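Colleague: For reference, the structure I am asking about is given below.
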Amino acid sequence: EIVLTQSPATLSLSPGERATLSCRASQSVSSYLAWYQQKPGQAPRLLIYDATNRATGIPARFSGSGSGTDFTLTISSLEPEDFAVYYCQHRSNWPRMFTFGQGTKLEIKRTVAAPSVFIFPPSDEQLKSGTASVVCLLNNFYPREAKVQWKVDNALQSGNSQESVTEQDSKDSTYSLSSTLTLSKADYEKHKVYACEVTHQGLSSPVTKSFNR
Amino acid sequence: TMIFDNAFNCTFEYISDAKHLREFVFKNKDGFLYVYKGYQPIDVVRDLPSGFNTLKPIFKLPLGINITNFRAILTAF
Amino acid sequence: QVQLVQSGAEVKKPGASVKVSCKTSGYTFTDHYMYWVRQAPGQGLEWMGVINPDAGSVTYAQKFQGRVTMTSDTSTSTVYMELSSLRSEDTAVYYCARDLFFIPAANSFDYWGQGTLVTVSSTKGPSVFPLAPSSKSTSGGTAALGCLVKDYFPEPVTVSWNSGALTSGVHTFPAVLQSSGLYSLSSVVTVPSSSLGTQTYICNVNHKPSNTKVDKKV
Amino acid sequence: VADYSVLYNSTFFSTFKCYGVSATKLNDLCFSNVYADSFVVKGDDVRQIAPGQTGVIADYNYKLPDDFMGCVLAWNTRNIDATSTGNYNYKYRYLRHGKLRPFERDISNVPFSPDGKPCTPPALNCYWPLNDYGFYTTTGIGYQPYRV
Amino acid sequence: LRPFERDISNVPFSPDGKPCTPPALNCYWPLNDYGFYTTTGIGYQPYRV
């Protein structure tokens with residue numbers, strides 16, 4: 001089947017500029033391409049069908065183009081309620097096939113903020129039941145790039161750490177990250193100095209916060 | 001050199017250690033490799049000489065392998 | 001107005017069959033192609049799943065050929081999907097969308113449904129474990145708290161602070177699938193250091209399937 | 001159980017132009033469900049019914065998709081559905097907001113108007129959205145009733 | 001196959017020749033996992049023969 005490849009896969013722009021979304025196929029397919037607009041949390045919505053006709057309800061700011069193998073989506077004016085992921089669907093001819101792409105995120109461009117570094121030591125209530133976990137707070141950061149690494153006696157740690165990132169806020173246009181280091185009950189008392197390494201682009205030096213038990 | 005190429009999935013290891021006309025006939029039936037052997041002192045170098053040369057079975061290793069080819073004769077002749 | 005109403009959540013064992021419907025209304029449901037999609041968490045959806053409601057012709061994908069079987073009902077105007085051999089990577093939200101063209105032709109999707117969250121795992125319960133408000137990490141004039149919940153897979157819940165009183169710092173961290181097979185919810189709040197001790201900060205759990213509400217003070 | 005044999009033997013077809021696949025593959029490949037159509041064009045409207053052609057009939061009367069797979073069957077009816085006194089029995093729509101979709105039905109008799117405020121048939125800027133063809137028998141080869 | 005034979009292989013499957021890649025349209029994997037569980041009926045159970 002014809003696969004769809006998206007090289008950019010991301011587009012960080014400000015409300016008011018023009019979008020440069022792309023959707024490239026593998027072979028020399030026809031113009032039977034259709035984009036979509038799926039708001040995170042809501043249901044997807046059709047944007048442009050057949051790559052040459054405007055759908056119903058879509059404003060005049062959306063206008064797609066492309067022919068054969070060079071497709072692009074050019075938005076006239078970006079709107080604050082139009083920042084979502086856009087998927088393009090490619091259809092075959094004979095065996096009623098339909099193929100989809102990967103999607104391109106459209107985040108609102110904002111100035112690089114300093115990620116607030118905070119660490120929470122585990123409470124005595126969780127130590128009685130085992131599975132001690134340390135949480136490191138990383139909020140108020142624009143770029144989705146943060147390497148959260150623990151310092152197990154001036155060493156590294158991986159595999160037992162899972163990170164969760166929230167969506168872009170609508171008030172301050174910031175993100176939130178929370179990492180959890182899954183450990184054991186008998187293993188927490190083996191070490192005393194626990195630190196959280198924060199690697200951010202806007203920070204000139206990696207901020208390291210530790211606590212003494 | 002073809003033996004030491006790769007040993008990904010190996011099984012059924014069986015090493016039996018201890019002019020000229022040595023005839024061999026291979027038969028694969030129901031997953032059984034029948035091997036026969038026979039010897040006859042000849043002197044002509046043209047082709048297979050006349051005779052009967054009753055063959056004797058030597059090995060009957062099944063191996064459960066559907067054999068379809070045979071190659072890799074000796075070299076340095 | 002054309003609208004497609006689906007069912008709610010449905011948890012199924014790893015090996016049983018799932019039956020999810022797709023009720024359509026607002027138009028003449030006689031000549032219209034019905035499709036089915038399911039966006040996996042982090043991944044995407046790629047398969048046709050087109051079924052003819054009027055006739056008895058069905059079409060499946062290549063990866064899902066004998067595992068999914070669909071049917072239609074011209075009387076109730078509602079299609080049914082039957083996906084057997086549920087794997088651990090198919091637990092996502094299933095959607096059913098119509099087509100822009102009629103049965104002889106084919107086009108993109110125009111009218112979407114609402115979603116059907118399908119999960120294939122075991123069930124469990126949450127546990128409210130408050131964090132520790134360390135006074136050493138209070139640089140910046142403010143402080144921080146937390147209501148980190150333990151591992152629990154079914155999460156049709158929402159968090160707040162003081163029954164929705166405080167609306168400053170309500171960023172809820174999404175859950176992640178740990179190695180055990182459950183989800184863990186995180187929720188912090190940024191409050192000034194001057195309000196430490198005076199103002200109360202107690203999260204509220206509204207887990208309906210478990211019928212348990214534990215309110216623990218940090 | 002189709003045959004596809006009563007169409008290749010006779011040669012009374014006006015324009016036997018297939019689309020999508022060839023006429024030879026229609027006898028071997030299986031079909032899940034077939035759909036037939038029936039309409040009468042005004043002679044010179046056969047060329048407009050094609051995956052890519054436009055005009056006055058393939059825009060708001062009978063839309064054909066660009067990826068259609070079938071065959072066009074047209075034949076003259078100058079003696080079966082023709083009348084010397086008048087054949088005012090077939091009409092067509094020529095006023096509608098926006099083009100239609102492939103395989104659509106727009107059976108209606110409401111008046112036509114650019115903006116809203118539904119007007120009456122007797123008006124100054126509002127007229128009937130349909131008009132009779134007017135098939136005759138003493139005209140040229142262009143104005144002839146063809147059944148497609 | 002034939003009686004008492006083995007067909008250990010992992011090449012892709014295709015009706016005609018022209019050895020294809022696992023990502024294709026008419027070429028699929030010739031093997032499939034069983035999927036044994038413990039909360040099923042008496043039919044879908046692992047039996048060692």
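In the structure tokens, the first chain shown is A, the next is B, and so on; residue numbers restart at 1 for each chain, and ligands run from 1 in the order shown.
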Running DSSP on the backbone, which parts of segment 144-175 of chain A land in strand (DSSP E or B), as a ChimeraX atom specification?
Modeller: /A:149-150,161-165,175
Colleague: Generate a file of the selected residues that holds N, CA, C and O atoms, formatted as a PDB file, in the first residue's frame.
Modeller:
```pdb
ATOM      1  N   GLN A 149      16.992  13.317  34.486  1.00  0.00           N
ATOM      2  CA  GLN A 149      17.842  12.212  34.901  1.00  0.00           C
ATOM      3  C   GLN A 149      18.130  12.325  36.390  1.00  0.00           C
ATOM      4  O   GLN A 149      18.366  13.422  36.905  1.00  0.00           O
ATOM      5  N   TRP A 150      18.103  11.189  37.078  1.00  0.00           N
ATOM      6  CA  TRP A 150      18.375  11.151  38.506  1.00  0.00           C
ATOM      7  C   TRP A 150      19.857  10.891  38.762  1.00  0.00           C
ATOM      8  O   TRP A 150      20.577  10.358  37.914  1.00  0.00           O
ATOM      9  N   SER A 161      12.128   5.155  35.155  1.00  0.00           N
ATOM     10  CA  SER A 161      11.673   6.539  35.207  1.00  0.00           C
ATOM     11  C   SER A 161      10.753   6.795  34.023  1.00  0.00           C
ATOM     12  O   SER A 161      11.153   6.601  32.871  1.00  0.00           O
ATOM     13  N   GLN A 162       9.528   7.228  34.308  1.00  0.00           N
ATOM     14  CA  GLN A 162       8.530   7.518  33.287  1.00  0.00           C
ATOM     15  C   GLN A 162       8.130   8.982  33.382  1.00  0.00           C
ATOM     16  O   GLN A 162       7.836   9.481  34.473  1.00  0.00           O
ATOM     17  N   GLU A 163       8.121   9.665  32.241  1.00  0.00           N
ATOM     18  CA  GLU A 163       7.807  11.084  32.170  1.00  0.00           C
ATOM     19  C   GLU A 163       6.442  11.288  31.524  1.00  0.00           C
ATOM     20  O   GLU A 163       6.064  10.556  30.603  1.00  0.00           O
ATOM     21  N   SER A 164       5.708  12.284  32.013  1.00  0.00           N
ATOM     22  CA  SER A 164       4.393  12.630  31.489  1.00  0.00           C
ATOM     23  C   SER A 164       4.340  14.129  31.239  1.00  0.00           C
ATOM     24  O   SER A 164       4.636  14.922  32.139  1.00  0.00           O
ATOM     25  N   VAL A 165       3.963  14.513  30.022  1.00  0.00           N
ATOM     26  CA  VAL A 165       3.895  15.910  29.617  1.00  0.00           C
ATOM     27  C   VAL A 165       2.442  16.266  29.333  1.00  0.00           C
ATOM     28  O   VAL A 165       1.717  15.495  28.696  1.00  0.00           O
ATOM     29  N   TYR A 175       3.880  24.550  29.425  1.00  0.00           N
ATOM     30  CA  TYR A 175       3.711  23.109  29.534  1.00  0.00           C
ATOM     31  C   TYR A 175       4.055  22.658  30.947  1.00  0.00           C
ATOM     32  O   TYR A 175       4.545  23.432  31.774  1.00  0.00           O
TER      33      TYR A 175
END
```
Colleague: Pull out every residue of chain A that has at least one atom within 12 Å of chain D, counting only C-alpha atoms, and report them as JSON, numbers by chain.
Modeller: {"A": [30, 31, 32, 50, 53, 54, 55, 56, 91, 92, 93, 94, 96]}
Colleague: Give me the residues within 12 Å of residue 31 of chain E as a list in words, counting only C-alpha atoms and dropping any in the same chain fewer than 4 places off.
Modeller: residues 7, 8, 9, 10, 11, 12 and 13 of chain E
Colleague: Pull out every residue of chain B that has at least one atom within 9 Å of chain E, counting only C-alpha atoms, and report them as a list in words.
Modeller: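 The selection requested is residues 29, 30, 31, 32, 62, 63, 64, 65 and 66 of chain B.
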Colleague: Considering only C-alpha atoms, return as a PyMOL selection string whatever protein or nucleic-acid residues lie within 8 Å of segment 88-95 of chain C, sequence-local ones (same chain, fewer than 4 positions apart) excluded.
Modeller: chain C and resi 14+36-41+112-121
Colleague: Hey, what's within 12 Å of residue 16 of chain C if we count only C-alpha atoms and toss same-chain stuff fewer than 4 positions away? As a list in words, please?
Modeller: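 My reading of the contact set: residues 11, 12, 67, 82, 83, 84, 85, 86, 87, 119, 120 and 121 of chain C; 37, 38, 39, 40, 41 and 44 of chain E.
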Colleague: Do you have, as CSV, the list of residues of chain C lying at most 7 Å from chain D, each with its nearest atom pair and that distance in Å to one decimal, counting only C-alpha atoms and ordered by chain then number?
Modeller:
```
residue,atom,partner,partner_atom,distance
C:57,CA,D:32,CA,6.5
C:101,CA,D:102,CA,6.4
C:102,CA,D:103,CA,6.4
C:105,CA,D:65,CA,6.6
```
Colleague: Restricted to N, CA and C atoms, what would the selected residues look like written as a PDB file, in the first residue's frame?
Modeller:
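Contents of the output file selection_14.pdb:
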```
ATOM      1  N   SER C  57     -22.330  -6.332   1.714  1.00  0.00           N
ATOM      2  CA  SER C  57     -20.921  -6.320   1.353  1.00  0.00           C
ATOM      3  C   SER C  57     -20.110  -5.637   2.447  1.00  0.00           C
ATOM      4  N   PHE C 101     -19.396  10.940  -0.182  1.00  0.00           N
ATOM      5  CA  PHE C 101     -20.092  10.487  -1.374  1.00  0.00           C
ATOM      6  C   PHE C 101     -21.067   9.367  -1.014  1.00  0.00           C
ATOM      7  N   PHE C 102     -21.716   8.820  -2.038  1.00  0.00           N
ATOM      8  CA  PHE C 102     -22.695   7.758  -1.863  1.00  0.00           C
ATOM      9  C   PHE C 102     -22.013   6.395  -1.979  1.00  0.00           C
ATOM     10  N   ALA C 105     -19.720   5.825  -5.292  1.00  0.00           N
ATOM     11  CA  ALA C 105     -18.503   6.613  -5.232  1.00  0.00           C
ATOM     12  C   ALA C 105     -17.842   6.443  -3.864  1.00  0.00           C
TER      13      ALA C 105
END
```
Colleague: Check every residue of chain E for an atom within 10 Å of chain A, counting only C-alpha atoms, and provide those that qualify as a list in words.
Modeller: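 My answer is residues 23, 24, 25 and 26 of chain E.
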Colleague: As a list in words, please: the residues near residue 50 of chain B (cut-off 12 Å, only C-alpha atoms, same-chain neighbours under 3 positions excluded).
Modeller: residues 21, 40, 41, 42, 43, 44, 46, 47 and 53 of chain B
Colleague: So that I can see what lies close to segment 85-91 of chain D, please list as a list in words the residues with an atom at most 9 Å from it, counting only C-alpha atoms and leaving out residues fewer than 3 positions away in the same chain.
Modeller: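 In the requested format, the answer is residues 40, 81, 82, 130, 131, 132, 133, 134, 135, 136 and 137 of chain D.
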Colleague: Write out as a PyMOL selection string all residues of segment 2-152 of chain A that DSSP puts in alpha helix (DSSP H) for this structure's backbone.
Modeller: chain A and resi 124-129
Colleague: Mind pulling up the distance from atom CA of residue 123 of chain C to atom CA of residue 211 of chain C?
Modeller: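 Those two atoms sit 13.7 Å apart.
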Colleague: Can you work out the spacing between atom CA of residue 178 of chain A and atom CA of residue 87 of chain A in Å, to one decimal?
Modeller: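 These two atoms are separated by 28.5 Å.
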Colleague: Of the residues C:97, C:34, C:2, C:131, which is the one nearest to chain A, using only C-alpha atoms?
Modeller: C:131
